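Residue-level structural notes
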Amino acid sequence: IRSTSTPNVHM
Amino acid sequence: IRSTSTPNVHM
Amino acid sequence: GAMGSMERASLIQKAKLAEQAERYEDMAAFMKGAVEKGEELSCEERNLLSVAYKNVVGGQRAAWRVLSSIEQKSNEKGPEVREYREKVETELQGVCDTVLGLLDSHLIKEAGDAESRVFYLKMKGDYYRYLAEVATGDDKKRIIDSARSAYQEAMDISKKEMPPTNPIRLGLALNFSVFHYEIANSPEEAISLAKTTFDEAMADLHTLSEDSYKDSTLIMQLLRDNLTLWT
Amino acid sequence: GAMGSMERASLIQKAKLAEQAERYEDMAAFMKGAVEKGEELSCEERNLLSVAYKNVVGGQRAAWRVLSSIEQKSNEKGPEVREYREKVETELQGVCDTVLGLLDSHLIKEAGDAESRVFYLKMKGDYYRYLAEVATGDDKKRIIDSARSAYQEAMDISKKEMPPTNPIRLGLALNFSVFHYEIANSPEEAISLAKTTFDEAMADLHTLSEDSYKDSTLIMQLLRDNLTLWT
Ligand SMILES: *CC(=O)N1CC2(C1)CN(S(=O)(=O)c1ccc(I)cc1)CCO2
Ligand SMILES: *CC(=O)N1CC2(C1)CN(S(=O)(=O)c1ccc(I)cc1)CCO2
Ligand SMILES: [Cl-]
Ligand SMILES: [Cl-]
Ligand SMILES: [Mg+2]
Ligand SMILES: [Mg+2]
Ligand SMILES: [Mg+2]
Ligand SMILES: [Mg+2]
Ligand SMILES: [Mg+2]
Ligand SMILES: [Mg+2]
């Protein structure tokens, strides 16, 4: 349902 | 490695 | 306390909402509020209390184990790892103190049904055991005795008043067996208790209850898994 | 504040330990402490700040959505659901206020490299967007404007100073597209931004950096997934 945003991925 | 104890299973 | 103005039934209701929202700190606070009303808890309410506090102390134990392992590997570079491990240790001890306080001030009674009496004494053993995982010195042996004593009293009541498939009885026996192996350096006592517990349940399998057999069958498998591990 | 006596380098060190221990509230507190030293953050430190706060506000958003859905279904039975949803809402707003405070008091500057300027303005948009998910009335339109404005300024800098595969540029564009679709009721603006962003990255794929291409390729797939969803 909800649009996906930038994930909390360690850079 | 660690022994398993009673789990946090909803009753 | 902060929950003093809220009705018992609303605290129970909010504990269930907090469980649904995976807000386990809130859930524990709501159930501490409910216990402080000074009425007895039902089976369903003991489940809410147990789940909430076990989740909170669970995250603290996992954190402490990560930090303790970094610290021991570093003892093979600054005070930061020790300081932060001590900070998490202090909070963990705080939560175990809160639980042991509630048990002693409100929940543990001479009266009540066997289920309630065994459950609370099992819970006293578990939270003394969690303190023992992080303890050292004069504080420690006091802690290990308090855990064994609470567990044994629980075991005495369970063997006299409950069928051998009863999920509180099985969970208590599982957790006492872990005390023996992980805390008390007594692998023999652990294996003996676990094997006796499994074998007696299977011998009297007909005693499974229609409302709890899935819980009993799960604990029986965990005793089997520990026996395989301890070989 | 509580971190005022601790050295900046020790706060960074403890933020990394807290990340390892999955103690994200501690990690956020450590990084707020580091920011309050008033030195600039590196790329690695912005990652620690971002991860810590996104985890904290993440759990609050998930909690709020669970509670809000129970509340709306109940509006189809006591004040308890509304009261508890309001309690979680207040804490969420508290954390977004803390982040927006740090950005405005310490991090957002006229000077600095493009990466830092775009990252902080993207972060301002995101935390205004999180306030907007729970806002209503005169407070709300103020919030939605503040989010769009922060995002647009970020977009202006990114298109001028960064290659079109840059992971901050791509993540900002992904998040502005979500603002358009989920907050601003502008599906057209969303689809247009997402498609332009994907197509321009693919057109200039040669601009991928050796140290960040896995992050760029991940965001490109998330823009594609949203386009599939918005069809
Ligand atoms: C009826 C009652 O008082 N209950 C307490 C319990 C049901 C069971 N415990 S427990 O720790 O004994 C336990 C046993 C089996 C399993 I699977 C999980 C937990 C806690 C929850 O409520
Ligand atoms: C170098 C720098 O300043 N950085 C900030 C960042 C690297 C990236 N952001 S982000 O929100 O732009 C982001 C982009 C791609 C992905 I996958 C995740 C997050 C946050 C972390 O550090
Ligand atoms: Cl610390
Ligand atoms: Cl509340
Ligand atoms: Mg009342
Ligand atoms: Mg100590
Ligand atoms: Mg043996
Ligand atoms: Mg210093
Ligand atoms: Mg409100
Ligand atoms: Mg369209």
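Rules behind the numbers
Residues numbered from 1 in each chain as written, not as in the entry; some residues may be left out. Chains lettered and ligands numbered in written order. Heavy atoms only, no water. Residues with missing side-chain atoms left out of burial classes, pairs and counts. Near = heavy atom within 4 Å. Polar contact = N/O pair within 3.5 Å; in protein donor to acceptor, adjacent residues only side chain to side chain. Areas by Shrake-Rupley, 256 points an atom, 1.4 Å probe, with all protein chains shown as cover. Helix = DSSP H or I, 4+ residues; strand = E, 2+ residues; numbered from the N terminus. Core = buried A, V, L, I, M, F, W, Y, C linked by side-chain atoms within 4.5 Å. Buried < 20%, exposed > 50% of the residue type's maximum accessible area, 1.4 Å probe, protein only. Contact = heavy atoms within 4.5 Å. Salt bridge = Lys/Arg side-chain N within 4 Å of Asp/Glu carboxyl O. Nonpolar A, V, L, I, M, F, W, Y, C, P; charged D, E, K, R; others polar. Expected span 1.5 Å × (residues − 1).

X-ray crystallography is the method the PDB entry states for this structure, with the resolution given as 1.91 Å.

1. What to know about the site of ligand 1
Ligand 1 sits among 14 residues. The nearest are B:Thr6, C:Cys43, C:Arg46, C:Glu115 and C:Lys122. One chain alone does not account for the residues near ligand 1; they come from chains B and C. Side-chain polar atom of C:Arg46 to an oxygen atom of ligand 1: 2.8 Å apart, as the coordinates give it. Between ligand 1 and the protein, one listed contact pairs an oxygen atom with a side-chain N or O atom of C:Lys122 at 3.1 Å. Considered on its own, ligand 1 offers 530 Å² of accessible surface; in the complex 97% of this is hidden by protein. Elements with a minimum of two residues in the shell around ligand 1: α3 (43-74), α5 (114-134), α7 (167-183) and α9 (213-229) of chain C. With four residues, α3(C) is the largest single contributor of residues to the shell around ligand 1.

2. Here we look at the nonpolar core
Counting 130 residues, the largest nonpolar core has C:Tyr127 and D:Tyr127 as the members making the most contacts within it. Residues within four places of D:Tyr127 in sequence aside, it is in contact with D:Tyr53, D:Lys54, D:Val57, D:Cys96, D:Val99 and D:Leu100.

3. Some remarks on the pattern of salt bridges
Working definition: two side chains of opposite charge can pair if their charged atoms are close together. Applying the stated criterion across every chain yields a total of 36 salt bridges over all chains. Here D:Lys16 makes a salt bridge to D:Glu44, at a shortest N to O gap of 3.3 Å. Here the residue D:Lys16 occupies a position in helix α1 (residues 8-20), and D:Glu44 occupies one in helix α3 (residues 43-74), the gap between them amounting to 28 residues. On the basis of relative accessible area, D:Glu44 is assigned to the partly exposed category, the value being 49%. For D:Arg85, the salt bridge goes to D:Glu71, with nearest N and O atoms at 2.7 Å. Neither D:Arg85 nor D:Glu71 differs from the other in exposure class; each is buried. One network of salt bridges, in which partners are shared, links C:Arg23, C:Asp26 and D:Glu91.

4. Section: the interface of chain D and chain C
Across the boundary between the two partners, chain D contributes 24 residues, which contact 24 residues of chain C. Of all the elements in the fold, those that place two or more residues in the side of chain D that touches chain C are α1, α2 (24-35), α3 and α4 (80-107) of chain D. Top contributing element to the side of chain D that touches chain C by residue count: α4(D), with seven residues. When the residues that make up the side of chain D that touches chain C are grouped by side-chain class, the tally is twelve nonpolar, four polar and eight charged.

5. Points about helix α7 (residues 167-183) of chain D
Residues and elements named next belong to chain D. With 17 residues, α7 should reach 24 Å at 1.5 Å per residue; the first-to-last C-alpha distance of 23 Å fits that figure. For α7, the tally of buried residues reaches 15 of 17 residues, placing the bulk of the element in the interior. The distance from a side-chain oxygen at the start of α7 to the backbone nitrogen of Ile-168 is 2.9 Å, and the residue carrying that oxygen is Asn-166. Of the residues flanking the end of α7, it is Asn-185, one or two places downstream, whose phi is positive at about 50 degrees.

6. Concerning the interface of chain D and chain A
Contacts between chain D and chain A engage 23 residues on the former and eleven residues on the latter. Every element with two or more residues in the side of chain D that touches chain A is listed here: α3, α5 (114-134), α7 and α9 (213-229) of chain D. If you tally residues by element for the side of chain D that touches chain A, the top one is α7(D), at seven residues. Broken down by class, the residue content of the side of chain D that touches chain A amounts to ten nonpolar, six polar and seven charged.

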